[PDB]
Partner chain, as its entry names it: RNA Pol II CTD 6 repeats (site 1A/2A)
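Just one chain is shown here, as structure tokens, and it is the form deposited without the partner chain.
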């Protein structure tokens, strides 16, 4: 506002208004509305006075000055001027201070600029000041005006100029967000400051919001206003017991201890689909009729396998009814045969509701929702079971999963879109880095997992959206490019989706997944506690003795998913980005130390190896491609096994890693509650196989780094 006042009026009026405010001890910085009011009044008075002269005969000509200003001067000097004028012209003494003197009309003219309506202002002035023989002119910012007896001393041109000036000032204040305050600061003929009082309920609430030894907010304000620092902190510190301290305990090579992993039965697999036990039936070069539509591709993939036999239960699901799973598989086979022999198959196939499918999808198993009062006397009624989760011990199968996810596959799984040609040298460096990383990770098993998750989650989401209340059959499919460059379509199994009345993002749609496999569950039953595994056929494999027929099993389980989970699965390609970033980050960090680009040293050296694993002999080193694939697998497993325990462990063990690093840098690390940090880390280790594997990894790293 003050900036607007200074930039809007000419410096002469600004100085006049500043002097006027100084005369009354008013600071323009704090009283901005009063400053603007004074400036506007002075501007209007000067515009009224200016451009008005008196000819030699007595008439007024527009070019003796017709007007004498009385407002823009000191009160004593203004009184002197008014007294001289009255004595010379024999006019009556004005009771209050006038604004100017009109010589032609021989009177005292008072000009008032009103933020409110003109007539109210005029009535107030008449009831307050006018009294006798005083002309009053009232202007408004809206173009209105008023005068005594509708008599306007000035010509229409000057009045129009004043009206235009006030109108434009109003418009600029409105555009600058200042007109509201300016208009709300006028009461009568004065200009008050902002008012905001605490009274009534608010005053009592404030009086109840103080330190213990104060009764009213005014007393607390008085205490704070006169407060001066007199050794308060020093005295309080001298009064506080020495038991309140932050004693640094040294962190040496012998202080850290291994994390205590939980005990109990070994953990089990909880992924949505098989990872290293997955078996796929593949069709190369998909050139069949109706290509690109999952149902027909699944049909063709099924046709390529001969060896189907009578299914039977080999690994029962201790919690479920196995015959339901067996009948679901039989029904899937029967419906596939039916569509095959029908010779006219549509884009989607919705399973017919059946007892086996109703049970396997948990249909009607949801307890009915009733008011608590109507069922508060039930003896069995209890708070929803949220007991402490049962701890599980680390099992060796998760390490094998990661090892298999870190290795190369005989075919490519990701095909990225092209970008523009590189021109800048930094663009060439970026392209080299990205191309090396992509060449190292394009054939990784983790890329296959990424594509599997993306495809399966996309299909599940689309089926849920379209077939709202139908038992849709969704084949689990992925696409690949072999070394020869021929496209291949792989089928891992099928998913039957139940009712999908998904209103919110966190409500569950239940599905049943059947997945082909070549691994016998009986070797690791604890890994498959949530599965019912059937032996569905026999597969011929070529070995040194010819064609060996090994059993082919079907891992069947009921699972559930939400919209958020499906979206999370569909975004798995981001994992690749993450891994690349990590690799890039390392290079950049190293480059900063070496003051040169190290992309070639990282990738083209082919003699630098990083410690990336452990064996009975000791720490094992791997090439850059191995590091890239390992980081990609870690990202993919973080995405697949995302849980609160994982992020808790990551956050808490980052501190311990940094402390160990500071120890390795000879920076004399020290802690305050190291045991507390260990407790925080170990509270996240209950049952998740991925988090337990990460904890075991940290223990091994500690063993090797302390040495």
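Numbering follows the first chain given and starts at 1. Rigid core (definition): largest C-alpha set, two forms, superposition within 1.5 Å.
There is also a form deposited with the partner chain bound; it is not shown, and the following applies to it.
Across the options 431-439, 528-536, 254-262, 127-135, residues that bring heavy atoms within 4.5 Å of the partner chain in the deposited bound form belong to 431-439. Interface residue among 331, 282, 350, 412, judged by heavy atoms within 4.5 Å of the partner chain in the deposited bound form: 282.
Here is the short version: of 107, 557, 445, 392, the single residue with a heavy atom within 4.5 Å of the partner chain in the deposited bound form is 445. At a distance threshold of 4.5 angstroms between non-hydrogen atoms, residue 544 is in contact with the partner chain in the deposited bound form. Residue 305 belongs to the set of residues with a heavy atom inside 4.5 Å of the partner chain in the deposited bound form.
At the 4.5 Å threshold, heavy atoms of residue 189 stay clear of the partner chain in the deposited bound form, well away from it. Using a 4.5 Å cutoff between non-hydrogen atoms, residue 606 counts as a contact of the partner chain in the deposited bound form. Along 324-360, a non-hydrogen atom within 4.5 Å of the partner chain in the deposited bound form is carried by no residue at all. In the overlay on the core between the shown form and the other one, a shift of 2 Å or more in CA position is seen for a single residue of 181, 403, 609, 393, which is 181.
Residue 166: CA moves 2 Å or more between the shown form and the other one after rigid-core fitting. Relative to the superposed rigid core, residue 127 undergoes a CA displacement of at least 2 Å between the shown form and the other one. For residue 695, a C-alpha deviation below 2 angstroms is recorded between the shown form and the other one after rigid-core alignment. Compared with the form shown, the residue 600-residue 412 C-alpha separation decreases in the deposited bound form, the change being 3 Å or greater.
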